[PDB]
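Quick heads-up: it's one chain on its own, the form deposited without the named molecule, in structure tokens.
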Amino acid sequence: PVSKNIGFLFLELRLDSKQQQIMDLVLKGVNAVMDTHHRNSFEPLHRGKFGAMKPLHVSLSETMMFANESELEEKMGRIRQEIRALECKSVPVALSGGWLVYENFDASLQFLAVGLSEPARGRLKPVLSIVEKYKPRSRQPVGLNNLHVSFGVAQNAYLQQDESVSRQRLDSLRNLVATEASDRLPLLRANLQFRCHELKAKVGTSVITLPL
């Protein structure tokens, strides 16, 4: 369908029981601040209905829109082969710094995130380099400067207002979570760490695994 000839690369982060409980209390605390300030709350991304588990992610490419099935296979195969040829056998994922808020492509959703640590970004640099080499030439770039894990997602209440009003409320939301909702970030950063032994790629409607 719409996803024909679309590819995207990412890391999958499955949380253990302790990490799930930490994210419950961190997000509850953030959302108490959102309530106090009459802001939209963040839906936790690590849980579904009835506490069904959902993995978290690190995006490693933009949405890659290839011109045809042949180019999809040519470029994704080269990506897979070159990632396999890397020396590394696993990459660490750990977080550094404060809350970030990233918008999706139509600004309808605002994701509460933390950036990757300097060593985590450094170990992913050779992966990003491979993606940059093979991705289609064909507006939300993924790069070393913005690698992150998103933990919650809120609706943009200002989606249909003037762009400048929506951007102002986004910047004051970013300031609000940083100034008033950051006290449990040391607990999050100490515990939300992972080691990934494979990448994933969405290709069309299928997901493939790319071993390290």
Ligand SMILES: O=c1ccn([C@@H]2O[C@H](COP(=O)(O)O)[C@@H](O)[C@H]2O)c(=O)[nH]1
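Under this definition, the rigid core comprises the largest set of C-alpha atoms superposing within 1.5 Å between the forms. When you see a residue number, it is the position in the sequence shown, counting from 1. Only residues modelled in both forms are compared.
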Please count the deposited residues lying between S138 and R139 that the model leaves without coordinates, and give the class: none, 1 to 3, 4 to 9, or 10 or more. 1 to 3
With B-factors read from the PDB entry, the higher C-alpha mean of 11-19 and 199-207 is in 199-207
Entry B factor averaged over C-alpha atoms, 128-136 against 101-109: higher for 128-136
Member of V114, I79, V142, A120 with the greatest C-alpha B factor (per the PDB record): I79
If I read the C-alpha B-factors straight from the PDB entry, which of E43, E69, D183, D171 is highest? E69
Lowest, middle or highest third: where is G51 by C-alpha B factor in its chain? highest
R39: which third of its chain by C-alpha temperature factor? middle
Using only modelled residues of the chain, where does the Cα B factor of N156 rank: lowest third, middle third or highest third? lowest
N146: which third of its chain by C-alpha temperature factor? lowest
Ranked against its chain, the third holding the CA B-factor of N31: lowest
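The discussion below concerns the form deposited with the named molecule bound, not included here.
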With heavy atoms only and a cut-off of 4.5 Å, decide whether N40 touches the named molecule in the bound PDB entry. no
Examine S150 and determine whether its closest non-hydrogen atom to the named molecule in the bound PDB entry is within 4.5 angstroms. yes
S117, heavy atom within 4.5 angstroms of the named molecule in the bound PDB entry: no
With a 4.5 Å heavy atom cut-off, would you call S96 a contact of the named molecule in the bound PDB entry? no
Counting any non-hydrogen atom inside 4.5 Å, which residue from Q140, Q81, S129, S138 sits next to the named molecule in the bound PDB entry? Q140
Listed residue (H57, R184, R47, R169) with a non-hydrogen atom within 4.5 angstroms of the named molecule in the bound PDB entry: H57
Out of 57-65, 157-165, 31-39, 175-183, where are the residues with a heavy atom within 4.5 Å of the named molecule in the bound PDB entry? 57-65
Pull up the moving segments between this form and the one not shown: at least three consecutive residues, every CA shifted by 2 Å or more, rigid core held fixed. 69-71, 73-75
